[PDB]
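*Asks:* First, the structure itself, so that you have it in front of you.
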Amino acid sequence: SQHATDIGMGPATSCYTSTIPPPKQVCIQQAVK
Amino acid sequence: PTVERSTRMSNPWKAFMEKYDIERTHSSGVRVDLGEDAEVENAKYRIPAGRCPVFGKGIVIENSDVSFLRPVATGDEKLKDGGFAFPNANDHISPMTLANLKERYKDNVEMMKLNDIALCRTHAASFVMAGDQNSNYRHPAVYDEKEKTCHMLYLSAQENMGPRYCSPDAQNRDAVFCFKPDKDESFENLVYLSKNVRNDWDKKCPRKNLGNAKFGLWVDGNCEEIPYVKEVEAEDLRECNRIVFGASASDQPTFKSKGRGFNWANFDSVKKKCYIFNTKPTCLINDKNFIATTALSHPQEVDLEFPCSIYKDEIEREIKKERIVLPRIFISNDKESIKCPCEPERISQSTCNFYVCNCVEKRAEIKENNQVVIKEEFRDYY
């Protein structure tokens, strides 16, 4: 996981928010393998 | 009425060459860009941070026929069956055509001022993680200029090698893939974008290759050859541009390059040779046989119009100031303007029909490390 972090692998994510008005919650349909 | 030579040591190429100061303007890795740290859930992550677009760059997935632009594999799909792009969501934020981005932001006045690449970048960079964010972490994007499509990237990773870290074996479908950044025909219309790319990248960043030109170093009144370069065989401009990109500033662990690296190259289109170097250029040499390229630059676009008037404009500009103080500019297309004590030499490879006055007192020179230094005789005056 130190290699993973070092090469640019990111955190487990699902929900996001756009900061450009109008704000809206966008969620990833299926969890990333 | 007197005429004399100025002792002021400047450089007429300053405003023109600013976009080629990759360390100042991009300020991060090129081949592999992972210049910004981000803390998410008390864990540290690396994200691309470059302020310039990287033209023609894509990610090659080893022993896979899936393009990196395909969404990442999700749940019921195997890692190796997907790409790097953002997966399907409740709102279709990625991939997004230009027409879709234009519809989405039709009421946003400020966003109507953005160019296609800046619009794709701003769109992708607007998405913050929900709930406890506190993070500066954003996803990078890839804008396809041919398909006019914006792709948000789920993965910020650009290179993965080493049998213990990845499996190139296509018969091992469950494990992690091997990948590397590269430039090739299939990626030529692509624009790799970190969250930090300048909206005014067209004025501040490289794009087009400079025809009838080679990068050089300004040495007291003339643009001189870079002494320490690495020569490589390159069949064409695309090859030279691929070589310089491969050798360019890398943030990949062996880790922040800050844009330092072998970012620039001179292509000899007659000899079929690529000369790569790691020192920022400060001027151009007008040579009909060369193309000046960078690791950020488009793999194919060429601007053949050398700025011929740069020297004459500056001489004439200064003369608009009886004491005449001529600037330390020893090259021009108006041979008489230089006021050379001997006959100026006619540069045959110069499309601008430049003349150079070689017979003048030089106050600077280039040393072993491509550093331009003031001569010892003059160090005290300056």
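Here's how to read the names in the structure tokens: chain A, B, ... by the order shown, residue numbers from 1 in each chain, ligand numbers from 1 in the order shown.
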I need the chain A residues near chain B as a list in words; criterion: at most 6 Å, counting only C-alpha atoms.

*Replies:*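 The selection requested is residues 5, 7, 8, 9, 15, 16, 17, 18, 19, 26, 27, 28, 29, 30, 31, 32 and 33 of chain A.
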
*Asks:* Please extract the residues of chain A with a backbone DSSP assignment of alpha helix (DSSP H) and present them as a ChimeraX atom specification.

*Replies:* /A:2-7

*Asks:* Using the chain letters and numbers from this document, which residues of range 78-325 of chain B does DSSP assign to strand (DSSP E), as a PyMOL selection string?

*Replies:* chain B and resi 96-97+127-129+141-144+149-152+179-183+190-193+209-211+214-218+223-224+230-233+264-268+273-277+283-285+290-294+302-303+323-325

*Asks:* Can you tell me how far CA of residue 239 in chain B sits from CA of residue 152 in chain B, in Å to one decimal?

*Replies:*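 Straight-line distance from CA of residue 239 in chain B to CA of residue 152 in chain B works out to 27.9 Å.
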
*Asks:* Would you list the contacts of range 11-13 of chain B as an MDAnalysis selection string, taking every protein, DNA or RNA residue within 6 Å and counting only C-alpha atoms, but skipping same-chain residues closer than 3 positions in sequence?

*Replies:* chainID B and resid 16:17 283

*Asks:* Store the residues of this selection in a file with N, CA and C atoms, as a PDB file, in the first residue's frame.

*Replies:*
```pdb
ATOM      1  N   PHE B  16       8.483  36.228 -25.024  1.00  0.00           N
ATOM      2  CA  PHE B  16       8.228  35.110 -25.938  1.00  0.00           C
ATOM      3  C   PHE B  16       8.529  33.721 -25.301  1.00  0.00           C
ATOM      4  N   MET B  17       9.656  33.611 -24.561  1.00  0.00           N
ATOM      5  CA  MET B  17      10.180  32.358 -23.984  1.00  0.00           C
ATOM      6  C   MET B  17       9.557  31.898 -22.654  1.00  0.00           C
ATOM      7  N   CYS B 283      16.072  31.603 -25.729  1.00  0.00           N
ATOM      8  CA  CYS B 283      15.887  32.220 -27.030  1.00  0.00           C
ATOM      9  C   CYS B 283      15.726  31.134 -28.072  1.00  0.00           C
TER      10      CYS B 283
END
```

*Asks:* Find the spatial neighbours of range 265-268 of chain B, counting only C-alpha atoms, within a cut-off of 8 Å - ignore same-chain residues fewer than 6 positions away - and output them as a PyMOL selection string.

*Replies:* chain B and resi 214-215+237+240-241+244+274-277+289-294

*Asks:* In Å, how far is it from CA of residue 306 in chain B to CA of residue 234 in chain B?

*Replies:*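 One can read the CA of residue 306 in chain B to CA of residue 234 in chain B distance as 23.1 Å.
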
*Asks:* Give me, as an mmCIF file with C-alpha atoms, in the first residue's frame, all polymer residues having an atom no more than 8 Å from residue 358 in chain B, counting only C-alpha atoms and skipping those fewer than 3 positions away in the same chain.

*Replies:*
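Resulting contents of part18.cif:
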```
data_model
loop_
_atom_site.group_PDB
_atom_site.id
_atom_site.type_symbol
_atom_site.label_atom_id
_atom_site.label_comp_id
_atom_site.auth_asym_id
_atom_site.auth_seq_id
_atom_site.Cartn_x
_atom_site.Cartn_y
_atom_site.Cartn_z
ATOM 1 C CA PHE B 330 24.242 41.755 -32.332
ATOM 2 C CA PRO B 344 28.192 41.195 -40.397
ATOM 3 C CA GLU B 345 27.979 37.533 -41.399
#
```

*Asks:* I'd like the neighbourhood of range 336-342 of chain B as an MDAnalysis selection string, where a residue qualifies if any of its atoms comes within 12 Å (using only C-alpha atoms), though same-chain residues fewer than 6 positions away should be ignored.

*Replies:* chainID B and resid 3:5 221:222 311:316 318:319 324:330 354:361

*Asks:* Would you output that residue set with N, CA and C atoms, as a PDB file, in the first residue's frame?

*Replies:*
```pdb
ATOM      1  N   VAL B   3      27.107  58.181 -30.660  1.00  0.00           N
ATOM      2  CA  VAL B   3      26.546  56.843 -30.715  1.00  0.00           C
ATOM      3  C   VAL B   3      27.474  55.983 -29.900  1.00  0.00           C
ATOM      4  N   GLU B   4      26.914  55.100 -29.074  1.00  0.00           N
ATOM      5  CA  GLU B   4      27.715  54.216 -28.234  1.00  0.00           C
ATOM      6  C   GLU B   4      26.967  52.914 -28.005  1.00  0.00           C
ATOM      7  N   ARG B   5      27.647  51.936 -27.375  1.00  0.00           N
ATOM      8  CA  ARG B   5      27.014  50.674 -27.051  1.00  0.00           C
ATOM      9  C   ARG B   5      26.619  50.656 -25.580  1.00  0.00           C
ATOM     10  N   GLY B 221      23.701  39.322 -26.504  1.00  0.00           N
ATOM     11  CA  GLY B 221      23.420  39.860 -27.827  1.00  0.00           C
ATOM     12  C   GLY B 221      23.228  38.912 -28.982  1.00  0.00           C
ATOM     13  N   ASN B 222      23.325  37.582 -28.746  1.00  0.00           N
ATOM     14  CA  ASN B 222      23.034  36.599 -29.778  1.00  0.00           C
ATOM     15  C   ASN B 222      22.548  35.286 -29.161  1.00  0.00           C
ATOM     16  N   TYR B 311      14.434  41.422 -33.092  1.00  0.00           N
ATOM     17  CA  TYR B 311      15.664  42.207 -32.891  1.00  0.00           C
ATOM     18  C   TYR B 311      15.516  43.666 -33.335  1.00  0.00           C
ATOM     19  N   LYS B 312      15.040  43.864 -34.557  1.00  0.00           N
ATOM     20  CA  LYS B 312      14.824  45.167 -35.191  1.00  0.00           C
ATOM     21  C   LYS B 312      13.835  46.016 -34.374  1.00  0.00           C
ATOM     22  N   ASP B 313      12.754  45.384 -33.866  1.00  0.00           N
ATOM     23  CA  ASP B 313      11.749  46.054 -33.028  1.00  0.00           C
ATOM     24  C   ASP B 313      12.395  46.611 -31.798  1.00  0.00           C
ATOM     25  N   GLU B 314      13.230  45.810 -31.139  1.00  0.00           N
ATOM     26  CA  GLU B 314      13.908  46.200 -29.914  1.00  0.00           C
ATOM     27  C   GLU B 314      14.960  47.273 -30.171  1.00  0.00           C
ATOM     28  N   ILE B 315      15.721  47.159 -31.245  1.00  0.00           N
ATOM     29  CA  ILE B 315      16.692  48.211 -31.570  1.00  0.00           C
ATOM     30  C   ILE B 315      15.936  49.547 -31.819  1.00  0.00           C
ATOM     31  N   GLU B 316      14.937  49.524 -32.717  1.00  0.00           N
ATOM     32  CA  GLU B 316      14.148  50.717 -33.047  1.00  0.00           C
ATOM     33  C   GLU B 316      13.438  51.310 -31.849  1.00  0.00           C
ATOM     34  N   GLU B 318      14.354  51.181 -28.591  1.00  0.00           N
ATOM     35  CA  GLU B 318      15.377  51.857 -27.798  1.00  0.00           C
ATOM     36  C   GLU B 318      15.808  53.195 -28.445  1.00  0.00           C
ATOM     37  N   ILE B 319      16.009  53.230 -29.785  1.00  0.00           N
ATOM     38  CA  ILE B 319      16.382  54.441 -30.536  1.00  0.00           C
ATOM     39  C   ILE B 319      15.291  55.558 -30.358  1.00  0.00           C
ATOM     40  N   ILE B 324      22.941  58.606 -28.426  1.00  0.00           N
ATOM     41  CA  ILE B 324      22.263  57.370 -28.794  1.00  0.00           C
ATOM     42  C   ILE B 324      23.048  56.229 -28.118  1.00  0.00           C
ATOM     43  N   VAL B 325      22.354  55.420 -27.335  1.00  0.00           N
ATOM     44  CA  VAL B 325      22.891  54.261 -26.653  1.00  0.00           C
ATOM     45  C   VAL B 325      22.270  52.992 -27.309  1.00  0.00           C
ATOM     46  N   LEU B 326      23.022  52.306 -28.192  1.00  0.00           N
ATOM     47  CA  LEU B 326      22.524  51.120 -28.894  1.00  0.00           C
ATOM     48  C   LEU B 326      22.463  49.882 -27.976  1.00  0.00           C
ATOM     49  N   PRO B 327      21.437  49.015 -28.076  1.00  0.00           N
ATOM     50  CA  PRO B 327      21.380  47.859 -27.157  1.00  0.00           C
ATOM     51  C   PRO B 327      22.331  46.752 -27.571  1.00  0.00           C
ATOM     52  N   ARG B 328      22.577  45.825 -26.647  1.00  0.00           N
ATOM     53  CA  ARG B 328      23.494  44.736 -26.860  1.00  0.00           C
ATOM     54  C   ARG B 328      22.750  43.673 -27.638  1.00  0.00           C
ATOM     55  N   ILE B 329      22.445  43.995 -28.907  1.00  0.00           N
ATOM     56  CA  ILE B 329      21.754  43.082 -29.827  1.00  0.00           C
ATOM     57  C   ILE B 329      22.616  43.038 -31.046  1.00  0.00           C
ATOM     58  N   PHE B 330      23.219  41.872 -31.293  1.00  0.00           N
ATOM     59  CA  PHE B 330      24.242  41.755 -32.332  1.00  0.00           C
ATOM     60  C   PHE B 330      23.821  40.920 -33.512  1.00  0.00           C
ATOM     61  N   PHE B 354      18.840  36.794 -41.419  1.00  0.00           N
ATOM     62  CA  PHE B 354      19.583  37.448 -40.341  1.00  0.00           C
ATOM     63  C   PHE B 354      21.041  37.574 -40.679  1.00  0.00           C
ATOM     64  N   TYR B 355      21.649  38.660 -40.174  1.00  0.00           N
ATOM     65  CA  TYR B 355      23.066  39.018 -40.189  1.00  0.00           C
ATOM     66  C   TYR B 355      23.534  39.064 -38.726  1.00  0.00           C
ATOM     67  N   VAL B 356      24.752  38.533 -38.439  1.00  0.00           N
ATOM     68  CA  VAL B 356      25.310  38.520 -37.080  1.00  0.00           C
ATOM     69  C   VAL B 356      26.657  39.264 -37.045  1.00  0.00           C
ATOM     70  N   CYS B 357      26.800  40.147 -36.067  1.00  0.00           N
ATOM     71  CA  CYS B 357      28.054  40.823 -35.845  1.00  0.00           C
ATOM     72  C   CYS B 357      28.848  40.023 -34.813  1.00  0.00           C
ATOM     73  N   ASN B 358      29.796  39.208 -35.294  1.00  0.00           N
ATOM     74  CA  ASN B 358      30.624  38.353 -34.454  1.00  0.00           C
ATOM     75  C   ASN B 358      31.750  39.134 -33.814  1.00  0.00           C
ATOM     76  N   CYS B 359      32.158  40.222 -34.453  1.00  0.00           N
ATOM     77  CA  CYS B 359      33.305  40.997 -34.021  1.00  0.00           C
ATOM     78  C   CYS B 359      32.956  42.088 -33.010  1.00  0.00           C
ATOM     79  N   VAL B 360      32.454  41.688 -31.861  1.00  0.00           N
ATOM     80  CA  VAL B 360      32.054  42.619 -30.814  1.00  0.00           C
ATOM     81  C   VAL B 360      32.548  42.099 -29.466  1.00  0.00           C
ATOM     82  N   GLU B 361      32.748  42.996 -28.492  1.00  0.00           N
ATOM     83  CA  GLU B 361      33.203  42.625 -27.137  1.00  0.00           C
ATOM     84  C   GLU B 361      32.067  41.802 -26.406  1.00  0.00           C
TER      85      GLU B 361
END
```
